[PDB]
Amino acid sequence: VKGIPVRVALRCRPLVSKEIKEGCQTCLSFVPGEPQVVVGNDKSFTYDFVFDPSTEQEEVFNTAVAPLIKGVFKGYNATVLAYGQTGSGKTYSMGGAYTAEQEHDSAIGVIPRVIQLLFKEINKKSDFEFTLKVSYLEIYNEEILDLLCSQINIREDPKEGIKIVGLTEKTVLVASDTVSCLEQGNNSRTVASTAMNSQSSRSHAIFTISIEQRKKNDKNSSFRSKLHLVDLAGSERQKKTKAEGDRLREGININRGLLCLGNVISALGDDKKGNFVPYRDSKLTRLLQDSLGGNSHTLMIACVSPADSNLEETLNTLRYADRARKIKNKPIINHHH
Ligand SMILES: Nc1ncnc2c1ncn2[C@@H]1O[C@H](COP(=O)(O)OP(=O)(O)NP(=O)(O)O)[C@@H](O)[C@H]1O
Ligand SMILES: [Mg+2]
């Protein structure tokens, strides 16, 4: 493999209550010390990391995420995005529903952990001054909604890419007020019950931290980068969700967006001169243009259920996760002068 691929961590959660009630057996097995998973006891996939159901939040973060976050201090953009079927563990893994109740709980996921690490590293970079800002949006039924509110349009600037016109941002100072923004946005994120997840995310959420870094003795030059922390909505099937009405139309919109994402992953996984990548098909894929194929170090956390009743869905995630690893990104150092 040449260049800088998208990196992929496969995270299998434990069986959940619904699966135990339905009498499901585990259909995934793991090869200890190797980043491989075997599915339907027949097909094997390899990723950059494989985390079995016993893997704690802290291990997922320290092994797969932390090294990436430390790269922002070199001036890189970075993205972590969670991808998989409804109920698979995206929100859990990302801390997409974190509230202050979870502070100091070992169950906290990626976004609160990132915030802790950023301020730990800032504290050790005494020679530098930092400015952090955050925005937090959801894509809900084809609309971009600002989660830091108690219309927004994409414009593509001809130089330097996508601009989300109307989206607000908060400048943050310390860890506490940074994580408060997560909490604030999570109180607004559209969540509702289906049979597959009592706390299903009905939107794709993107928490973005903008970081500017300047050396104190050389203050004309800085680095300016962005960290995108993405808790996608997940594929769902009406026969399993039992959704009707507004809930069903949410699932339709979600599924349609995730098809557009699959199209982008598939085009990029087989990229070459003159190829076309259909970023423009959805608002989601427009916002992920640098994250997938562009100026970003990117990790996908592909989330799966171990239950045999979800074999088809799990196979789909594994296949797209395998394609994602063939995506080549081009992260540069984001100098500003
Ligand atoms: N690794 C894990 N260990 C223990 N419980 C988990 C794990 N992952 C997920 N769960 C639980 O499984 C349920 C579904 O997880 P959640 O993260 O909400 O799924 P999701 O992938 O975000 N689904 P959706 O938003 O509907 O597309 C929640 O009650 C979680 O607390
Ligand atoms: Mg969710």
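Structure determination for this PDB entry is given in the record as X-ray crystallography, at a resolution of 1.80 Å.

A. Broad picture of the overall build of the chain. Along its length, the chain carries nine helices and 19 strands. On C-alpha atoms alone, the chain measures out to a radius of gyration of 19 Å, which is about the 20 Å that the 2.2 N^0.38 rule sets for 337 residues. Overall, the chain is about 65 × 45 × 45 Å in size when its C-alpha atoms are taken along their principal axes.

B. Representation of the packing of aromatic side chains within the structure. For the pair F49 and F51, a centre-to-centre distance of 6.0 Å together with 10° between the ring planes defines the contact as stacked. Summarising the aromatic geometry, the rings of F73 and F130 are spaced 5.8 Å apart at their centres and angled 75° between planes, so their arrangement reads as edge-to-face. With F73 in the loop between α2 (57-72) and β7 (78-83) and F130 in strand β8 (residues 128-140), this residue pair connects regions lying 57 residues apart in the sequence. One aromatic cluster in this structure is built from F73, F128 and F130. Residue placement shows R323 over the ring face of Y320; its charged tip is 4.7 Å from the ring centre.

C. Up close: the UniProt feature "binding site: ATP" in the chain. Per the UniProt record, "binding site: ATP" is annotated on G84, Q85, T86, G87, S88, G89, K90 and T91. Along the chain, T86 turns up in the loop between β7 and α3 (90-94). Residues in contact with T86, not counting those within four places in the same chain, are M196, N197, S200, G234, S235 and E236. For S88, the location among the structural elements is in the loop between β7 and α3. Setting aside residues up to four positions removed in sequence, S88 forms contacts with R13, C303, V304 and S305. In this structure the side chain of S88 is engaged in a polar contact, spanning 2.7 Å, whose partner is the backbone oxygen of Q85.

D. Fine view of the pairing of strand β9 (residues 143-146). Bridge count between β8 and β9: four bridges; the pairing is antiparallel. Along β9, the bridge assignment pairs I139 with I144. Joining the antiparallel neighbours β8 and β9 is a turn of two residues, in which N141 adopts a positive phi near 40°.

E. Structural detail: the pattern of salt bridges. Where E250 meets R202, a salt bridge forms, and the shortest distance between an N and an O atom there is 2.9 Å. On the criterion of sequence distance, the pair formed by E250 in helix α7 (residues 245-268) and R202 in the loop between β14 (200-201) and β15 (204-215) is long-range, its members being 48 residues apart. Of the charged contacts in the structure, one is a salt bridge between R224 and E212, with a shortest N-O distance of 2.7 Å. Remark: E212 occurs in strand β15 and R224 occurs in strand β16 (residues 218-231); sequence separation between them is twelve residues. One continuous salt-bridge network, built from bridges that share partners, spans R202, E236, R247 and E250.

F. Looking closely at the packing of helix α4 (residues 110-124) against helix α5 (residues 175-188). Their axes nearest at 10 Å, the elements α4 and α5 cross at an angle of 160°. Classified by the angle their axes make, α4 and α5 are roughly antiparallel. Viewed along their axes, α4 and α5 form a crossing whose handedness is right-handed. Contacts from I111, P112, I115 and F119 in α4 reach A175, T178, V179 and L182 in α5.

G. Here's a closer look at the pairing of strand β4 (residues 36-39). Pairing analysis gives three bridges linking strand β3 (residues 28-30) to β4, with the strands arranged antiparallel. Pairing of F30 across the sheet is with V37, part of β4. Remark: five residues form the turn of the hairpin made by β3 and β4, two consecutive strands paired antiparallel; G33 in that turn has positive phi of roughly 65°. Two elements, β4 and strand β5 (residues 43-46), share four bridges in a ladder whose sense is antiparallel.

What counts and what doesn't
Residues numbered from 1 in each chain as written, not as in the entry; some residues may be left out. Chains lettered and ligands numbered in written order. Heavy atoms only, no water. Residues with missing side-chain atoms left out of burial classes, pairs and counts. Helix = DSSP H or I, 4+ residues; strand = E, 2+ residues; numbered from the N terminus. Rg over C-alpha atoms; globule rule 2.2 N^0.38 Å. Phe/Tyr/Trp six-rings, centres within 6.5 Å; stacked < 30°, edge-to-face > 60°. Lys NZ or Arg CZ within 6 Å of the ring centre and 35° of its normal. UniProt positions renumbered as here; feature names shortened; annotations may be inferred. Contact = heavy atoms within 4.5 Å. Polar contact = N/O pair within 3.5 Å; in protein donor to acceptor, adjacent residues only side chain to side chain. Pairing = 2+ DSSP bridges. Salt bridge = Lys/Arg side-chain N within 4 Å of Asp/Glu carboxyl O. Axes fitted to C-alpha atoms, helices over the stretch in contact; angles between N-to-C directions. Parallel < 35°, antiparallel > 145°, perpendicular 65-115°, else oblique. Left-handed = near helix turned anticlockwise from the far one by under 90°.

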